[PDB]
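*Asks:* Encoded as structure tokens, here's the structure I'll be asking about.
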Amino acid sequence: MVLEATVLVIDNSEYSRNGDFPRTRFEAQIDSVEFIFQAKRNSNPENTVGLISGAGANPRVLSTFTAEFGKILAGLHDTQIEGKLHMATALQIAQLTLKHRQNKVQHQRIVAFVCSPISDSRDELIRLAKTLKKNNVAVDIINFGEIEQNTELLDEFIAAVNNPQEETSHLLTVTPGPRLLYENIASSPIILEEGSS
Amino acid sequence: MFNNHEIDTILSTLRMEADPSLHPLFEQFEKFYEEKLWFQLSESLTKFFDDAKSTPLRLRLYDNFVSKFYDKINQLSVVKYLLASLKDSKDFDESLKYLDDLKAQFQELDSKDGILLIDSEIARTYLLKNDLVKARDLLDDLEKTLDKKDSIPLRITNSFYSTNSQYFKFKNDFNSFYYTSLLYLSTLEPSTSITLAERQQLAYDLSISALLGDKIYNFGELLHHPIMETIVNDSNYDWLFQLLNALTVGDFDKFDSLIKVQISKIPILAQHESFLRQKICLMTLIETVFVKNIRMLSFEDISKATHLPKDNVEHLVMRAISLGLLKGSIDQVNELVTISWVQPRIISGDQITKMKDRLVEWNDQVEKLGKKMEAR
Amino acid sequence: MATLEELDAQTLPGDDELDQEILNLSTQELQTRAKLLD
Amino acid sequence: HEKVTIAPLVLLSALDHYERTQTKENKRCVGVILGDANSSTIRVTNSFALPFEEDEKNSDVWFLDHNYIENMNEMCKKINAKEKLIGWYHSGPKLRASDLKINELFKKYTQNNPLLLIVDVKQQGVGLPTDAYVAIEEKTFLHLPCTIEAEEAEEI
């Protein structure tokens, strides 16, 4: 399926501090990713992902490019759990990240947790979405927000990224209750179904 | 306010999934205490707002989900309040008793992070007026604790200084303390939202401890920093400010007029002002009057130019590091001080000018020589 | 009653990590162990 | 404090990096610096271009991998044990706060607070085209003065 690089954007933040489903949202985010990546790396081996900090007050990559269990290895340690959005920046790097994605013909993909209230400007958001689309990035977002984070940038954004869907963007805005994220997203063409473009 | 009750519903469902921050017992007890806007500190993001100073009796009900504090609201999260906010329950006891609850023991944050609780619990004992000996010992261990740590919180120091301030606040040594709190201000400087009664009174007590410093003068200080208006203003802050004037003016009865008990409680400022008037006059004399390699200042009229007199010159001037400061010595006969430094200052405005002059001067007259030497 | 099942079934991959992570760590020196020594 | 040796060998290739990378004022060619950092004098043995991306259109936005260093140090180790990470360089000539972030990456990778290195890729003014920094705190970072060693091998 997928031959592309991907990004894991994690907010460990106002929501991931705050467990969305067991054990905590942050933790809940976790195994879903291994779930995600498993499939992603099952989509094809060599489907590569990043992992960054959109969390805390410090943006940065967590897991750099690889396949690869090293991510699962890299994700091994924590984050600021109550931390805050780097997205615009963090995303922006994910672009630069993906720009450097090793052995391109791998398309640029991004997977993004929303544990934050999502502070950004539509313009920047769209310029990103543009820049993504400009860079031709795949972006599928994980959002369980207050409200959720939606009727907002995120909803616009996926669109604002999107001329063709997985060549640009898909979305799933994560649901509350007995919603296992990996169970949640199993449906959404964030994963499975059609996997890349 | 339901803002608790709200969150005592909402953040119970805020991710935080229908939590102990919504329990049949739970929402009642506030409503039981009040809906009336004065409350028990409301369980996460709003208790994270709420210090709420009706003494939390969700004392217990914050202490719910503290089981799940692993997978429930997790941070420091705790002495964020309680051990802070209920540290302000203000008994001996109280905190001692929830020392006796936590004692910085609880599952992971402290007894499996809780160092800042180690700060608190220990520090918090200290703010209870605990015996000096007992304090300092483990305080210095608390210090020793503090020592080898790389702690991203100032809060630790911001505990500890405030703590160790409080320690010296139990004490004199505002030379330390004031400075310690001065330190602590600089320790609070980046962080730590507070209250004014906190702010001024401390910064008062600080500014007090400046005079209960007094010092290596000072003169000028953190006054620049937002302790002022804020503190001064009024009451002794008037004085305290006018003492900054005294830190310049050095007129006894621009102050010894002012004096009420609290200041005259330590009369030695009358001395310290003599120390001031000397030192105050001194610094600029040292700073300015000679510029031309300032030293001599020797002695008497020059020293009485402090408008503190020759026979006190015979002491205050005579005392040097017997002032704590002056270097050099005395030619008594010729009535001449020998002097040297240990006169620093924070000021500006002056040798700025004088600076580059000589520094251009040789520089210029270099080029005369500096013309052909290697050139020719 | 089935939660700790999932929960510790969720730990297992995070558990699996460390050893697996180390199995990565292993080979690394194992060579430089051998390599040099060899 | 620990104020440090400088390896010209570094300095040279460092600009080659800058050169090789065709880094410009828009950019700073960044990389490892090597030595052993214990003593109140630290040594720079060597240093390694970290293939990198820098964006100051958004300050914190920039790209780098550590895993160079990962494989690097291995070989470095295999090359020499004494490589032990002292810190890192960049071009410069000047700092940009994202450095701080970047600085802290190496904190994982270094014994002490690691060592920044500025270079003047144009070597413009004076003694050093260079600054080396260690973070601090109200943050701190600082330049301790540094200089060359022998390296007469160099000197020859």
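Every chain in the structure tokens takes a letter, A first, then B, and so on in the order presented; its residues are numbered from 1, and the ligands are numbered from 1 following the presented order.
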Compute the set of chain A residues within 12 Å of chain B, using only C-alpha atoms, and express it as JSON, numbers by chain.

*Replies:* {"A": [12, 13, 14, 15, 16, 17, 18, 19, 20, 21, 22, 23, 24, 25, 26, 27, 28, 79, 80, 81, 82, 83, 115, 116, 144, 145, 146, 147, 148, 174, 175, 176, 177, 178, 179]}

*Asks:* Could you please select, counting only C-alpha atoms, the residues of chain B within 9 Å of chain D and state them as a list in words?

*Replies:* residues 186, 189 and 190 of chain B

*Asks:* Check which residues of chain A sit at most 12 Å from chain D using only C-alpha atoms, and return one row each with the closest pair of atoms and their distance in Å to one decimal, ordered by chain and rising number, as CSV.

*Replies:*
residue,atom,partner,partner_atom,distance
A:50,CA,D:65,CA,10.8
A:51,CA,D:65,CA,11.8
A:52,CA,D:63,CA,11.1
A:53,CA,D:60,CA,11.6
A:54,CA,D:60,CA,11.6
A:57,CA,D:101,CA,10.7
A:58,CA,D:101,CA,7.4
A:59,CA,D:60,CA,7.1
A:60,CA,D:101,CA,7.9
A:61,CA,D:63,CA,8.5
A:62,CA,D:65,CA,10.0
A:63,CA,D:65,CA,9.2
A:64,CA,D:65,CA,6.3
A:65,CA,D:65,CA,8.0
A:66,CA,D:67,CA,9.8
A:70,CA,D:67,CA,10.9
A:74,CA,D:67,CA,11.6
A:86,CA,D:60,CA,9.5
A:87,CA,D:61,CA,10.9
A:88,CA,D:61,CA,9.5
A:89,CA,D:61,CA,6.0
A:90,CA,D:61,CA,7.3
A:91,CA,D:61,CA,9.0
A:92,CA,D:61,CA,6.5
A:93,CA,D:61,CA,5.2
A:94,CA,D:63,CA,8.6
A:95,CA,D:63,CA,9.4
A:96,CA,D:63,CA,6.2
A:97,CA,D:63,CA,6.0
A:98,CA,D:63,CA,9.6
A:99,CA,D:63,CA,9.4
A:100,CA,D:63,CA,8.2
A:101,CA,D:63,CA,10.8
A:102,CA,D:65,CA,11.4
A:124,CA,D:58,CA,11.3
A:128,CA,D:58,CA,11.9

*Asks:* Store the residues picked out above, limited to N, CA and C atoms, as a compact mmCIF listing (two decimals), in the first residue's frame.

*Replies:*
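Output file out_20.txt is given in full below:
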# COMPACT_ATOMS: atom_id res chain seq x y z
N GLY A 50 7.86 9.99 10.94
CA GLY A 50 8.53 10.74 11.97
C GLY A 50 7.78 10.67 13.28
N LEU A 51 8.40 11.23 14.30
CA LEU A 51 7.70 11.54 15.53
C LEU A 51 8.31 12.80 16.12
N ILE A 52 7.45 13.73 16.51
CA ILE A 52 7.91 15.05 16.91
C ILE A 52 7.27 15.44 18.22
N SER A 53 7.64 16.60 18.74
CA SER A 53 6.97 17.17 19.91
C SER A 53 6.17 18.36 19.43
N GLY A 54 4.85 18.20 19.38
CA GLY A 54 3.96 19.32 19.25
C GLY A 54 3.47 19.62 20.64
N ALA A 57 6.09 22.97 25.89
CA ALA A 57 6.48 24.26 25.35
C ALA A 57 7.66 24.18 24.40
N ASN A 58 8.20 22.99 24.17
CA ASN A 58 9.34 22.86 23.26
C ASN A 58 9.01 22.00 22.06
N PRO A 59 8.93 22.58 20.88
CA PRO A 59 8.78 21.79 19.67
C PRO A 59 10.07 21.07 19.35
N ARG A 60 9.93 19.84 18.85
CA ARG A 60 11.07 19.10 18.34
C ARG A 60 10.66 17.73 17.82
N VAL A 61 11.52 17.14 16.99
CA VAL A 61 11.35 15.75 16.61
C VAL A 61 11.58 14.87 17.82
N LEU A 62 10.78 13.82 17.94
CA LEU A 62 11.10 12.80 18.91
C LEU A 62 11.75 11.65 18.16
N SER A 63 10.95 10.88 17.44
CA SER A 63 11.52 9.88 16.55
C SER A 63 11.79 10.50 15.19
N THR A 64 13.04 10.44 14.77
CA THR A 64 13.41 10.89 13.44
C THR A 64 12.96 9.87 12.40
N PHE A 65 13.33 10.09 11.15
CA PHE A 65 13.00 9.13 10.11
C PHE A 65 13.53 7.76 10.47
N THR A 66 12.71 6.76 10.19
CA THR A 66 13.17 5.38 10.06
C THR A 66 12.01 4.61 9.44
N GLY A 70 12.29 1.42 16.02
CA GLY A 70 13.02 2.46 16.71
C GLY A 70 12.12 3.58 17.16
N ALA A 74 11.70 4.82 20.17
CA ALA A 74 11.88 6.24 20.45
C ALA A 74 10.74 6.76 21.30
N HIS A 86 2.73 22.87 19.57
CA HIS A 86 3.72 23.38 18.64
C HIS A 86 3.27 23.31 17.19
N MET A 87 2.04 22.86 16.95
CA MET A 87 1.63 22.31 15.67
C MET A 87 2.17 23.11 14.50
N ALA A 88 1.71 24.36 14.36
CA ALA A 88 2.10 25.20 13.25
C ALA A 88 3.59 25.07 13.00
N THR A 89 4.38 25.44 14.01
CA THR A 89 5.80 25.13 13.98
C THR A 89 6.04 23.64 13.80
N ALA A 90 5.52 22.82 14.71
CA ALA A 90 5.82 21.40 14.70
C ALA A 90 5.50 20.79 13.35
N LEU A 91 4.28 21.05 12.87
CA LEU A 91 3.92 20.69 11.51
C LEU A 91 4.94 21.22 10.53
N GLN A 92 5.22 22.52 10.61
CA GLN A 92 6.14 23.15 9.68
C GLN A 92 7.42 22.35 9.58
N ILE A 93 7.93 21.93 10.73
CA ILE A 93 9.11 21.08 10.72
C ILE A 93 8.80 19.75 10.06
N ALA A 94 7.68 19.13 10.44
CA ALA A 94 7.28 17.88 9.82
C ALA A 94 7.36 17.99 8.31
N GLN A 95 6.99 19.14 7.77
CA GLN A 95 7.23 19.42 6.36
C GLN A 95 8.71 19.28 6.07
N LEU A 96 9.51 20.17 6.67
CA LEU A 96 10.95 20.09 6.47
C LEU A 96 11.44 18.68 6.68
N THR A 97 10.95 18.04 7.74
CA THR A 97 11.23 16.65 8.00
C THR A 97 10.98 15.89 6.71
N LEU A 98 9.70 15.79 6.34
CA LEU A 98 9.31 15.06 5.15
C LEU A 98 10.08 15.52 3.92
N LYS A 99 10.38 16.81 3.83
CA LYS A 99 11.21 17.26 2.72
C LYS A 99 12.48 16.44 2.64
N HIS A 100 13.03 16.08 3.79
CA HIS A 100 14.25 15.30 3.86
C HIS A 100 13.99 13.81 3.91
N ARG A 101 12.73 13.39 3.78
CA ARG A 101 12.42 11.99 3.95
C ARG A 101 13.30 11.14 3.05
N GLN A 102 13.95 10.17 3.66
CA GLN A 102 14.99 9.43 2.96
C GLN A 102 14.37 8.51 1.93
N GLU A 124 -2.02 30.99 8.39
CA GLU A 124 -0.87 30.13 8.62
C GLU A 124 -1.26 28.68 8.43
N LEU A 128 0.40 26.54 5.65
CA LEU A 128 0.82 25.18 5.96
C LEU A 128 0.13 24.23 5.00

*Asks:* Could the residues of chain C within 9 Å of chain A, counting only C-alpha atoms, be given as a list in words, please?

*Replies:*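 Listing them in order of chain and number gives residues 3, 7, 10, 11, 13, 14, 17, 18, 20, 21 and 24 of chain C.
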
*Asks:* Can you write just those residues out, C-alpha atoms, as a compact mmCIF listing (two decimals), in the first residue's frame?

*Replies:*
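What landed in out23.txt:
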# COMPACT_ATOMS: atom_id res chain seq x y z
CA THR C 3 -9.18 -4.13 31.62
CA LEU C 7 -3.94 -2.58 29.88
CA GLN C 10 -1.00 -2.55 26.07
CA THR C 11 2.05 -2.66 28.32
CA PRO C 13 4.36 -3.77 23.31
CA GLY C 14 5.75 -1.02 25.49
CA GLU C 17 10.03 -2.46 23.35
CA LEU C 18 12.81 -2.54 25.91
CA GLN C 20 13.42 -5.48 21.39
CA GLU C 21 14.93 -2.03 21.76
CA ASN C 24 18.83 -3.53 18.74

*Asks:* Find the nearest atom pair between each residue of chain D and chain C for residues within 10 Å, count only C-alpha atoms, give distances in Å to one decimal, sort rows by chain and ascending number, and present the table as a tab-separated table.

*Replies:*
residue	atom	partner	partner_atom	distance
D:71	CA	C:28	CA	9.7
D:74	CA	C:28	CA	8.5
D:75	CA	C:32	CA	9.6
D:77	CA	C:32	CA	9.5
D:78	CA	C:32	CA	7.5

*Asks:* Show me, as a list in words, the residues that have an atom within 8 Å of residue 137 in chain A when counting only C-alpha atoms, minus same-chain residues fewer than 4 positions from it.

*Replies:*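 Within the cut-off, the hits are residues 95, 98, 107, 108, 109, 110, 132, 133, 167, 168 and 169 of chain A.
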
*Asks:* Mind dumping the selected residues with C-alpha atoms as an mmCIF file, in the first residue's frame?

*Replies:*
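Once everything was written out, this is selection_27.cif:
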data_model
loop_
_atom_site.group_PDB
_atom_site.id
_atom_site.type_symbol
_atom_site.label_atom_id
_atom_site.label_comp_id
_atom_site.auth_asym_id
_atom_site.auth_seq_id
_atom_site.Cartn_x
_atom_site.Cartn_y
_atom_site.Cartn_z
ATOM 1 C CA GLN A 95 7.230 19.418 6.365
ATOM 2 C CA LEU A 98 9.311 15.061 5.147
ATOM 3 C CA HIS A 107 5.287 10.604 -0.413
ATOM 4 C CA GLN A 108 5.070 13.037 2.475
ATOM 5 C CA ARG A 109 2.552 11.885 5.076
ATOM 6 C CA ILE A 110 1.627 13.318 8.465
ATOM 7 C CA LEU A 132 1.845 20.754 2.585
ATOM 8 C CA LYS A 133 -0.097 20.589 -0.632
ATOM 9 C CA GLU A 167 -2.122 12.776 -1.673
ATOM 10 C CA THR A 168 -2.951 15.805 0.466
ATOM 11 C CA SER A 169 -5.137 15.237 3.485
#

*Asks:* What is the CA of residue 374 in chain B-CA of residue 128 in chain D distance in Å, reported with one decimal?

*Replies:* 24.5 Å

*Asks:* Residues at most 8 Å from residue 173 in chain B, counting only C-alpha atoms, excluding those fewer than 5 positions away in the same chain, as a PyMOL selection string?

*Replies:* chain B and resi 168+178+212-213
